[PDB]
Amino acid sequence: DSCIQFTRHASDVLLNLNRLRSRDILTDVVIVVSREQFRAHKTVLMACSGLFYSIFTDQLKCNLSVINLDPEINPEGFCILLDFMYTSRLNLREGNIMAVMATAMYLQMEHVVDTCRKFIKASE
C-alpha cells in the first residue's frame, strides 16, 4: 500500500495499556500464582504468551475470570514477566534468572526463554 507509519505508535499503545493496568482499568482476569493474585487484560496476556493465547481461545476457559497457574510457578518470576508484557522491559538478575526462564517456558514466551538461555550460557 501507500500508507505512512507512526514509528512510536506501538510503544505509545503499550505504555497506555500499562497505565490502564496500574489503575486497574478494564482488567478482566485474575491470574493466581500460589498465594499471590495478578490482575491483567486477557488480550495483552494472549498477545505475549502462547499459553494464555491457548487458554483464552478455548470456548470454556475464555469466560473464566480466574486462572490458576501450576503450583510450581514462582510468583516473583510471574510478576517480572507480567511487567515485561506491559513494558518490553525485563528485570533479569542472577538471583531470578532460573525462575524467570522456567516461568517463560511454561508461559511460552520464546524471546524471553532465548535471552535467559544466552545469559546462563555466558556465566557457565
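Numbering starts at 1 and runs along the sequence shown.
Novice: Please compare 111-119 with 16-24 and name the stretch with the higher mean C-alpha B-factor in the deposited structure.
Specialist: On average, C-alpha B-factors are higher across 111-119.
Novice: Higher average CA B factor in the deposited record is what I'm after, so tell me if that's 84-92 or 63-71.
Specialist: Mean CA B-factor is higher for 63-71.
Novice: Just the C-alpha B-factor column, please: which of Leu51, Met98, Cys48, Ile31 has the biggest number?
Specialist: Out of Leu51, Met98, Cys48, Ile31, the record gives the largest C-alpha B-factor to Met98.
Novice: Taking the entry's C-alpha B-factors for this chain, is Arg35 in the lowest, middle or highest third?
Specialist: Tercile = highest for this residue's CA B-factor.
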